[PDB]
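Written out below as structure tokens is the structure these notes cover.
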Amino acid sequence: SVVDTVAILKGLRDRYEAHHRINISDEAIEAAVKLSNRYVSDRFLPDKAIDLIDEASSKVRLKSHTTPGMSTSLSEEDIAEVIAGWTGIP
Amino acid sequence: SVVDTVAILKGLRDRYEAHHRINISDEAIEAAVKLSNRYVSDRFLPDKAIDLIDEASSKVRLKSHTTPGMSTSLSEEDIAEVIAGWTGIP
Amino acid sequence: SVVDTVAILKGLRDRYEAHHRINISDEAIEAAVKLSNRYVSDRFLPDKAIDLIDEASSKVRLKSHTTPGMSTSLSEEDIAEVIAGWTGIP
Amino acid sequence: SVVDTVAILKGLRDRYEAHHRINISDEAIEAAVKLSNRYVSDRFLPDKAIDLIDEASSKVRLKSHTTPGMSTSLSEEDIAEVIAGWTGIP
Amino acid sequence: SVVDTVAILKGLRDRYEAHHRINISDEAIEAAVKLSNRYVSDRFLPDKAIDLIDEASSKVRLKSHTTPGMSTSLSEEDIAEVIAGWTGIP
Amino acid sequence: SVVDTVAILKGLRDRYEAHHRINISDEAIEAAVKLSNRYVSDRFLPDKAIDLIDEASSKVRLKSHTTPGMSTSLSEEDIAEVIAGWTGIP
Amino acid sequence: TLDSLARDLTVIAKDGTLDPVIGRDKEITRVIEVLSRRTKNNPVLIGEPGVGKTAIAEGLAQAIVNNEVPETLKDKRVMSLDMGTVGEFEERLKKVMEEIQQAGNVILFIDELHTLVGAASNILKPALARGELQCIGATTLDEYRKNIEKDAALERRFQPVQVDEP
Amino acid sequence: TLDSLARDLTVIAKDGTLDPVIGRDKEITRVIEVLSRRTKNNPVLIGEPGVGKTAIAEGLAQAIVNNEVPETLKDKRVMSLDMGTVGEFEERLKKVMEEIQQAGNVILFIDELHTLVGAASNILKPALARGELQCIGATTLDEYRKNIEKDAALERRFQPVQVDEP
Amino acid sequence: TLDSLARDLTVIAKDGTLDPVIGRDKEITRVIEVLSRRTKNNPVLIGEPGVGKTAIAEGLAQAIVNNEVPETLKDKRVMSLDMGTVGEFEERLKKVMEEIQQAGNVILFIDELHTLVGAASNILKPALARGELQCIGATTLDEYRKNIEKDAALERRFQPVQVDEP
Amino acid sequence: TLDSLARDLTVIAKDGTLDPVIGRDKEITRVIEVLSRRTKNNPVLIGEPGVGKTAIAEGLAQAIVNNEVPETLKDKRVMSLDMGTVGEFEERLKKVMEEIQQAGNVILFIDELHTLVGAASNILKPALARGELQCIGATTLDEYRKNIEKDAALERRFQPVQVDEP
Amino acid sequence: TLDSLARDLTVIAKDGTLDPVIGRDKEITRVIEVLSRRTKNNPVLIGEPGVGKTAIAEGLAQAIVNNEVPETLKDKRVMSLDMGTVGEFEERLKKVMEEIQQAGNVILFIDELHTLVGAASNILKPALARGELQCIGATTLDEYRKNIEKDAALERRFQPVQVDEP
Amino acid sequence: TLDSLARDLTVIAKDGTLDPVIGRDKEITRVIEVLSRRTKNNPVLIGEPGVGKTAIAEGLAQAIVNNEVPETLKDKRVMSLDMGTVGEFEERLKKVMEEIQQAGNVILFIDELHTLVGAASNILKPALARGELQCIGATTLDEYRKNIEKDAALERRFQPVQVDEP
């Protein structure tokens, strides 16, 4: 289920942020969970969320990684932008 | 024959209970014997009973193994539940 | 040919009876020869007779081997029973 | 051609008779040549004749080899019998 | 893009001329870039330009290599001739 | 080109005649050159001429090799016959 | 020996090397209870790849080191397959099997490709079919249609289970 | 020698190491009487695995140590196969055969996989086909369709028998 | 050497180890006369398995030790194949061939599966095709359709013969 | 060892042996970031051949020796495949893999034909599928349709990327 | 060396070991004249097996020892293939080729199966395709459809000829 | 070293060992100018076999020893391949490549079969693909369709050229 995913994502919530040195905002977390499930056929929200997440976690870090201070991951753009980067029409 | 099976099961009756530390109740024993023969195509009551049995012997032990006092194996659930766990509509 | 078989069986007539300690009765011998040829598709009367034979030679010995005095092999049952044991409707 | 075969058979005419110690009668020789060509699909009259021949040359020798005086090979039976031994309805 | 190609060609501009001992004229360079893209389906302007180029760089060198003084590569013929050598109707 | 071939054949003119002990007549040489090019698709006049040639050079030698005095190779037959031997309607 | 390809995450779980799972408990309860069977201790899984299934595996292993594993298996231990290759190849993979059968103390999880291979076919599959050596497979049916099934005695060896996306 | 893979349960039965069987008596009577044959002493079994068949085997061995075995075989003794492997492998398995053929006093039961193998094919199968060395096989037909049959001379070596679930 | 797989029943026939045949005499007369051929000494048989054919073989061997065999072959002796297997396998089977070719004194009967194999194809089949080494095959056509035929030069090596049930 | 087929252009880039690329930076940023993945470090490329892609590769290697490569990979180094062949062939290619896996310090780029071969199939592909050994492939989809895809677990191993003509 | 598989019937013909042929003279005249060709000295035959073709071959060899062979070939001599087999196999068959190419004095006739093989394909076929080593093949087209043809350069190496039953 | 298979005709041309060519001059001018390329020094030829192409090669070599070769290549020298074979085979052929790469002074012409082989594939083809070692191939397209093309990076390595019958 989308929700359990969030929990299992909450499971890895610390994981890749402690890899990516960021602060996950569950708002985002639930967001893509819906959104990916909505927009992504192939991989699975058990992952593809985290996919987006880590990728978002990257994109932030990317910006945060180098020249764009927020360490946390936004809800929206983290989902949105990336997801828009995934597809479009944010 | 279903019945000889019971005997041959009675043969292994001590066996896996002395493995599984339980008390086999022939009621169950004959039960699945019919029941498996009824409900199970593939493996053979010479085994599949014991299959159920040991599995039942597990399921009890499972409950009995850890947190659910009866060491004996019930007739019904041992057959039933497990068999329902096998299929349904107990 | 069925008949030559009998001869070739007569060839092994002493053979497996001296293995099976019995007395072959050519009545049987010709019997299955027809009968097997009649009733058995797969193996060949050059053998399958002897098959029956030795098997009959067993079945007798079996009875004769252990608890069922005739050392000879009957015509009929040796064919028949076994052949009925092969199929039915003696 | 059937005829050249005879010649090429005439070629080996001395050959296997000097192997089989017999006297080839070209009557036979031409005979099977037709006859084999008639009756034998598989091997080739360049051989199969000689096949028959040598085999006939055997069959005679066979008879001539052991207990059945003619050392020569007949036309007919040499063809015929053997060829009938090949097929039937001499 | 055709243009980036020119740059990446400008990247190898020194390269094969320092192999082919010639002077690349960007006029040519942009020329084929359009022209090849126009006229050549198969290989890719990232190369096929340089293909033409080096080949042009050859053709010049060829002439320049042996009996036909310009060390530089013309715009036109370097493209044109070769490209006409590629196709026609210069 | 057919003609250069003749020259390159003239190149090997001494060659296989000094192998085949014959005298090549350029009449033939040019002949097949046309003729083979006319009549032979597969191998190439750079060879197939010489093919014919050497083969002609054989055919002559063949005749000349054994019982059929001309050591030279004719124009025509050397081409023709062989070429007719190649095809027909000399 | 029992190393290289032979590895286990149970201690790693007792080492806390991995992630506490959720929700596949009763799912695992099945997967667990598969071992109970004199017939087939050996489950296989169907479902969607990458979803936590090998952690679902680890879920067992946790519940193992948790001793949420009941009796018989409590001594036994996970083995997480290692896949790789190196003259022959599989004989190694063939070899390890007695070793772990010699181990009297473990279990292996076969992972995903349970393979119809060129160089293959029955590899351990008889020693599988030996009716010994508790092990676990998994895939999605798309593969499951073949190896376990095309034998059907490996079907008689394997117990299929699947779980939907949580 | 005649050890390691070479082992017997008969003494073990006289040792009482195993279970008194039931009901396959006349079934065994056949399996027994298979040995009588100058043609094929060597039976193979079909049926459902794990049902008691190798004990059905032992059933013979009991009836052997019971001397329910009649004459010729009474001297002969069970051998229960051991399967395992270790450079080459089978040559051992090849080797033991003369040993037991040298034994003049025993019988072996070949168990289940009578194998079409990669490394294989005819192994003892000629020495099988040697028309000597009383032995027994078993399987379910699904295998039986092949090795004994695809030769058919091993079919001419083997006598198939099957018994339903009791 | 010339042992293990290399074995003969001729002496065994002179030893009387086997059964006097009947009726395939002139049948054998053919099989016999096959050896006469500079072209193909080497017959193969078709027919129904288990019918006495390898004794029909022995029939030759009797008629051999009987010296019902005429001249050339009288020195030569049966070899009855042994089939079995053990690294590589066939090279042995490959090896023996020169040995018996070295024997200058024998003949082998190849028995039934004359095989299209995985590990195979041309094995002796060239040394067969060497146009030497008098040997005999047999099968039923169902196989005969392939190996001897799919070459056809082994057909050119083999002479097929069949006999009905007596 | 780690030579012959094993070679690297990174030092060569530090040696300046090759061409500064342009424009595939963020393209490479992806290709780069592929390595980040515990799931798939291993990208493959689609696109038009001969366009600079293996220099795009080198682009990484530059950005590597540039240390435009971020942390984890900075120690790791390009390997540019060498393709060639020589008894067996691939075992070498099979062999090198542990070596580089032993290297604890590098990465290889597999180049174009990632091959469905006669002599083949799974070669490293398991050791690929071993879930180790960061590597990169490339092709155009026309091939991509098969090997990575027909498994789909190599799809689960590979990350496809493509870039248009600049 | 040039022995074992290497053998010749020419001397044997001068030895009179074989049969004077008839009628394929001008047929042979072709087969003969095939050698004349710088392009293809190497004929192959189609027709019906067992008809005298390898004697038709010998027919050449007679006409050779007859010196009905004209010049160039008169020094050259028949070789009649030997087919058989024995680790590797063909390398021998591969080996002999330089030997006879070293012979500066002979010719071989390849006989019937010119083979598409498992273990094969190009064997001498390049050294065939080397454009050297006058040799002769034969078959019936049914095979001819493949090896010589499926290359077509061996078609470019081979000259097909066929003759009806006389 | 640089001998056996390594050989050159240039000196032989300066030795006058061979034939002054005609007419392929500007044809060679291309073939020549192929070497100029940082991209592909390495041409391959299409056309009709046996027509003078390897002399067309020599034509270069003449024009080389003629110093009709312009600058860069003037130091470099022909190598005419030698084809033959002898445990492994190709490793030799593999080996020579560094030697000539070590030579700092030459060029090789690969001749005709540029081969898709059983024992093969990438042999030097990576060291080819190494982007070093000026060399030349030739064939007719019928082959050209495959090896250079089926890679297409060897197409990216090779430059095809063809010339009609003069």
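Order determines the names: the first chain of the structure tokens is A, the second B, and so forth; residues in each chain are numbered 1 upward, and ligands are numbered 1 upward as they are shown.
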
For chain J, which residues have at least one atom within 6 Å of chain G, if we go by only C-alpha atoms? Write them as a PDB file with N, CA and C atoms, in the first residue's frame, please.
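Final output, saved to selection.pdb:
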```
ATOM      1  N   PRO J 126      26.300 -13.195 -14.598  1.00  0.00           N
ATOM      2  CA  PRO J 126      26.064 -13.484 -13.183  1.00  0.00           C
ATOM      3  C   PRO J 126      26.912 -12.631 -12.269  1.00  0.00           C
ATOM      4  N   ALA J 127      28.218 -12.573 -12.509  1.00  0.00           N
ATOM      5  CA  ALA J 127      29.049 -11.752 -11.643  1.00  0.00           C
ATOM      6  C   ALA J 127      28.668 -10.297 -11.786  1.00  0.00           C
ATOM      7  N   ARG J 130      25.810 -10.476  -9.778  1.00  0.00           N
ATOM      8  CA  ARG J 130      26.285 -10.558  -8.406  1.00  0.00           C
ATOM      9  C   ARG J 130      25.969  -9.303  -7.608  1.00  0.00           C
TER      10      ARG J 130
END
```

Chain A fitted onto chain D, all C-alpha pairs in order, as a compact mmCIF listing (two decimals) with C-alpha atoms, in the first residue's frame:
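That gives us out.txt:
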```
# COMPACT_ATOMS: atom_id res chain seq x y z
CA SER A 1 22.18 -47.93 -66.87
CA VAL A 2 21.04 -51.43 -66.08
CA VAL A 3 23.16 -52.73 -68.94
CA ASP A 4 26.40 -50.95 -68.10
CA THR A 5 25.84 -52.33 -64.66
CA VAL A 6 25.93 -55.83 -66.11
CA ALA A 7 29.25 -54.90 -67.69
CA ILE A 8 30.49 -53.41 -64.45
CA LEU A 9 29.09 -56.49 -62.81
CA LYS A 10 30.90 -58.46 -65.47
CA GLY A 11 33.72 -56.32 -64.18
CA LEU A 12 33.30 -57.81 -60.74
CA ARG A 13 31.96 -61.03 -62.16
CA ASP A 14 35.33 -62.74 -61.62
CA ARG A 15 35.79 -60.84 -58.43
CA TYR A 16 33.48 -62.25 -55.87
CA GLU A 17 33.12 -65.60 -57.55
CA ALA A 18 36.84 -65.91 -57.18
CA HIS A 19 35.97 -64.95 -53.63
CA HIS A 20 32.98 -67.26 -53.52
CA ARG A 21 34.40 -69.97 -55.76
CA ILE A 22 31.43 -70.03 -58.11
CA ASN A 23 30.60 -69.54 -61.79
CA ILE A 24 28.47 -66.52 -62.58
CA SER A 25 25.83 -67.01 -65.25
CA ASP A 26 25.19 -63.74 -67.03
CA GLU A 27 21.59 -64.86 -67.41
CA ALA A 28 21.25 -64.28 -63.69
CA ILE A 29 23.50 -61.28 -64.07
CA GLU A 30 21.20 -59.44 -66.42
CA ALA A 31 18.26 -60.93 -64.56
CA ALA A 32 18.54 -59.23 -61.19
CA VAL A 33 19.82 -56.21 -63.06
CA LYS A 34 16.32 -55.79 -64.37
CA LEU A 35 14.82 -57.43 -61.36
CA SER A 36 16.59 -55.52 -58.62
CA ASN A 37 16.08 -52.27 -60.49
CA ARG A 38 12.48 -53.38 -60.56
CA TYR A 39 12.26 -54.55 -57.00
CA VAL A 40 14.89 -52.73 -55.01
CA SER A 41 14.60 -49.00 -54.31
CA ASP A 42 17.40 -48.31 -51.92
CA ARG A 43 20.81 -49.55 -52.86
CA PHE A 44 21.88 -49.25 -56.45
CA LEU A 45 22.08 -51.81 -59.18
CA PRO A 46 25.76 -50.86 -59.59
CA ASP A 47 25.85 -52.56 -56.23
CA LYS A 48 22.53 -54.01 -55.26
CA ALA A 49 22.79 -56.39 -58.17
CA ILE A 50 26.17 -57.48 -56.91
CA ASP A 51 24.54 -57.34 -53.50
CA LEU A 52 22.03 -59.85 -54.70
CA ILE A 53 24.79 -61.47 -56.70
CA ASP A 54 27.25 -61.89 -53.86
CA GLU A 55 24.31 -62.74 -51.64
CA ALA A 56 23.12 -65.15 -54.27
CA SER A 57 26.78 -66.06 -54.63
CA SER A 58 26.52 -66.65 -50.94
CA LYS A 59 23.21 -68.49 -50.99
CA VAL A 60 24.62 -70.84 -53.58
CA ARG A 61 27.91 -71.05 -51.71
CA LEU A 62 25.82 -71.30 -48.55
CA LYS A 63 24.22 -74.36 -50.05
CA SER A 64 27.47 -74.94 -51.88
CA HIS A 65 29.34 -73.62 -48.83
CA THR A 66 27.96 -76.49 -46.77
CA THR A 67 25.42 -79.26 -47.28
CA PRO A 68 22.83 -78.03 -49.80
CA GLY A 69 27.34 -79.88 -56.85
CA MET A 70 26.76 -76.97 -59.22
CA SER A 71 29.47 -74.40 -58.67
CA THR A 72 27.91 -72.06 -61.19
CA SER A 73 25.23 -69.64 -60.09
CA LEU A 74 21.87 -70.31 -61.66
CA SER A 75 20.08 -67.60 -63.43
CA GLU A 76 16.79 -67.91 -61.70
CA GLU A 77 17.00 -68.99 -58.08
CA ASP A 78 20.17 -67.01 -57.57
CA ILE A 79 18.10 -64.11 -58.62
CA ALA A 80 14.72 -65.56 -57.89
CA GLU A 81 14.96 -67.39 -54.60
CA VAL A 82 17.19 -64.76 -53.07
CA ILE A 83 15.03 -62.09 -54.64
CA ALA A 84 12.04 -64.01 -53.39
CA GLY A 85 13.95 -64.30 -50.14
CA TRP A 86 14.15 -60.58 -50.65
CA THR A 87 10.42 -60.30 -51.23
CA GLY A 88 8.15 -63.14 -52.32
CA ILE A 89 5.84 -64.48 -55.02
CA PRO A 90 8.72 -65.95 -57.04
```

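A straight line drawn from atom CA of residue 21 of chain I to atom CA of residue 166 of chain I is 11.9 Å long.
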
**Study point:** Spatial neighbours of residue 26 of chain K, max dist 12 Å, only C-alpha atoms, sep filter under 2 positions, as a PyMOL selection string
**Key:** chain K and resi 22-24+28-33+56+59-60+63+68+163

Store the residues of this selection in a file with N, CA and C atoms, as a compact mmCIF listing (two decimals), in the first residue's frame.
```txt
# COMPACT_ATOMS: atom_id res chain seq x y z
N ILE K 22 35.01 -48.36 -66.65
CA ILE K 22 34.62 -48.05 -68.01
C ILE K 22 33.73 -46.81 -68.00
N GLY K 23 33.75 -46.11 -69.14
CA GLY K 23 32.67 -45.25 -69.55
C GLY K 23 32.64 -43.87 -68.93
N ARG K 24 33.26 -43.69 -67.79
CA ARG K 24 33.30 -42.39 -67.15
C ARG K 24 34.48 -41.57 -67.63
N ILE K 28 35.37 -38.39 -66.53
CA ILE K 28 36.62 -38.09 -65.84
C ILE K 28 37.37 -36.98 -66.55
N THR K 29 37.30 -36.97 -67.88
CA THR K 29 37.95 -35.92 -68.66
C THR K 29 37.66 -34.56 -68.06
N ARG K 30 36.39 -34.32 -67.76
CA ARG K 30 36.00 -33.18 -66.95
C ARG K 30 36.74 -33.21 -65.63
N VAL K 31 36.42 -34.21 -64.81
CA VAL K 31 36.99 -34.27 -63.47
C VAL K 31 38.47 -34.02 -63.53
N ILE K 32 39.13 -34.69 -64.47
CA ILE K 32 40.50 -34.38 -64.83
C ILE K 32 40.61 -32.88 -65.00
N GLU K 33 40.00 -32.39 -66.07
CA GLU K 33 40.31 -31.04 -66.49
C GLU K 33 40.00 -30.03 -65.41
N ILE K 56 35.31 -44.31 -59.95
CA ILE K 56 35.42 -43.20 -60.88
C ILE K 56 36.59 -42.33 -60.47
N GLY K 59 39.23 -44.27 -61.28
CA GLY K 59 39.32 -44.11 -62.72
C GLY K 59 40.32 -43.05 -63.08
N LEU K 60 40.23 -41.90 -62.43
CA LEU K 60 41.27 -40.89 -62.57
C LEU K 60 42.61 -41.52 -62.26
N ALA K 63 43.75 -43.64 -64.89
CA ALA K 63 44.17 -42.73 -65.95
C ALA K 63 45.35 -41.88 -65.51
N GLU K 68 47.08 -41.35 -68.61
CA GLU K 68 46.01 -40.70 -69.35
C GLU K 68 45.78 -39.32 -68.77
N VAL K 163 26.88 -37.34 -62.66
CA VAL K 163 26.67 -38.26 -63.76
C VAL K 163 25.57 -39.23 -63.37
```

Practice item. Based on DSSP run over this structure's backbone, return all residues of chain A in helix (DSSP H, G or I), as number ranges by chain. Key: A: 2-20, 26-39, 45-65, 76-86

**Study point:** Every residue of chain I that DSSP places in strand (DSSP E), as a VMD selection string
**Key:** chain I and resid 42 to 46 108 to 109 135 to 136 158 to 162

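Among H:53, H:74, H:7, H:40, the residue with the shortest atom-to-atom distance to chain B, counting only C-alpha atoms, is H:53.
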
Point to revise | Using only C-alpha atoms: which of K:136, K:69, K:124, K:57 has the shortest distance to chain F | key: K:69

Exercise for review: For atom CA of residue 147 of chain H and atom CA of residue 158 of chain G, quote the distance in Å rounded to one decimal.
Suggested key: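 That distance, rounded to one decimal, is 24.8 Å.
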
Point to revise | All residues 10 Å or closer to residue 123 of chain K, only C-alpha atoms, same chain fewer than 6 positions away omitted, as a ChimeraX atom specification | key: /K:90-91,93-94,115-117

Shell of 9 Å around residue 101 of chain H, only C-alpha atoms, local chain residues under 5 positions omitted, as a short mmCIF file (atom, residue, chain, number, x, y, z; two decimals) with N, CA and C atoms, in the first residue's frame:
```cif
data_model
loop_
_atom_site.label_atom_id
_atom_site.label_comp_id
_atom_site.auth_asym_id
_atom_site.auth_seq_id
_atom_site.Cartn_x
_atom_site.Cartn_y
_atom_site.Cartn_z
N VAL H 96 33.40 -49.30 -6.95
CA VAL H 96 32.79 -50.16 -5.95
C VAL H 96 32.12 -51.37 -6.57
N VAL H 106 25.68 -60.00 -1.36
CA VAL H 106 24.99 -58.75 -1.10
C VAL H 106 24.02 -58.43 -2.23
N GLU H 132 25.02 -58.96 -14.78
CA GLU H 132 25.44 -59.45 -13.48
C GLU H 132 24.97 -58.45 -12.44
N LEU H 133 25.37 -58.69 -11.20
CA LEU H 133 25.19 -57.70 -10.14
C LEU H 133 23.73 -57.35 -9.90
#
```

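For the pair atom CA of residue 43 of chain L and atom CA of residue 105 of chain L, the interatomic distance is 18.0 Å.
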